[PDB]
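Given next, in C-alpha cells, is a single chain: the form deposited in one PDB entry.
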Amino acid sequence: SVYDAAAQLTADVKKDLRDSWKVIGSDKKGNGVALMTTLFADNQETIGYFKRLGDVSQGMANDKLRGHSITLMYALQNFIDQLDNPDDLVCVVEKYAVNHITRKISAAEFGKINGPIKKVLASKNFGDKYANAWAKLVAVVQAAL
C-alpha cells in the first residue's frame, strides 16, 4: 500500500532527496524538459500517451511540452515539501495519482521515469545513492497506481 511505501522514506533517504533537489529544483524549466526528452528518447513507446503535446522532439521550443515539464517539476517540489508529514505526503501522492490512473498509466509504466531521473541526477554529479533515494519516492506513487 501507499502507506507502507511512504514508511520506506527513512531519515537519510529524505536528506538525500532534499540535498539533490536543492540543485535539480534550481532550474525547473531546464531540468524539467531534460527529464521529459530523456524519457521520450530512452522509452520511445511512452510518446503515445503524450499526443496532446505534439511534436515532442522540438524540446524547449514546444510550448505545450515546456508547460507540461515545468508543471511536473512543481509536483516534485510538492512532494519534497511534504516529506516532514507522511499524512500530507500520502494525500498529495494520491491526488496526482488520480489523473494518471484515469490515463491508464500503470505502476510499471510510471516506473519508466527512474531512468531519466538517474541521468539528470548524474549530470549534476549525484550518483547511485541519490538515484536510489528518488526511486523510493517514485515507488510511493507507484503504490497508488
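All residue numbers refer to positions in the sequence shown, first residue = 1.
Novice: Per the entry, where is the mean C-alpha temperature factor higher: 50-58 or 30-38?
Specialist: In the deposited entry, the stretch with the higher C-alpha B-factor mean is 50-58.
Novice: Please work out which of 74-82 and 59-67 has the higher mean CA B-factor as recorded in the PDB entry.
Specialist: Averaged over C-alpha atoms, the B-factors run higher in 59-67.
Novice: Quick one: classify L9 as lowest, middle or highest third of the chain based on its Cα B-factor.
Specialist: Top third by C-alpha B-factor.
Novice: Relative to the other modelled residues in the chain, which third contains the C-alpha temperature factor of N132: lowest, middle or highest?
Specialist: For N132, whose C-alpha B-factor we compare with every modelled residue in the chain, the answer is the middle third.
Novice: By the recorded C-alpha temperature factor, relative to the other modelled residues in its chain, which third is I105 in?
Specialist: It falls in the top third of the chain.
Novice: Comparing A144 with the other modelled residues of its chain, is its CA B-factor in the lowest, middle or highest third?
Specialist: Middle third.
Novice: Quick one: classify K15 as lowest, middle or highest third of the chain based on its Cα B-factor.
Specialist: Lowest third.
This next part talks about the form solved in complex with a small molecule, which is not shown.
Novice: Check for me whether the small molecule, as it appears in the entry with it bound, comes within 4.5 angstroms of all of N31, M73 and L76 - heavy atoms only.
Specialist: So, yes: the whole triplet contacts the small molecule.
Novice: Is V56 near the small molecule? Define near as a heavy atom within 4.5 Å, in the entry with it bound.
Specialist: Residue-level check for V56: no, no contact with the small molecule.
Novice: Check whether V120 has any heavy atom within 4.5 Å of a heavy atom of the small molecule in the entry with it bound, and answer yes or no.
Specialist: Residue-level check for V120: yes, a contact with the small molecule.
Novice: So in the entry with it bound, does any heavy atom of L35 sit within 4.5 Å of the small molecule?
Specialist: Output for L35 is yes: heavy atoms within 4.5 Å of the small molecule.
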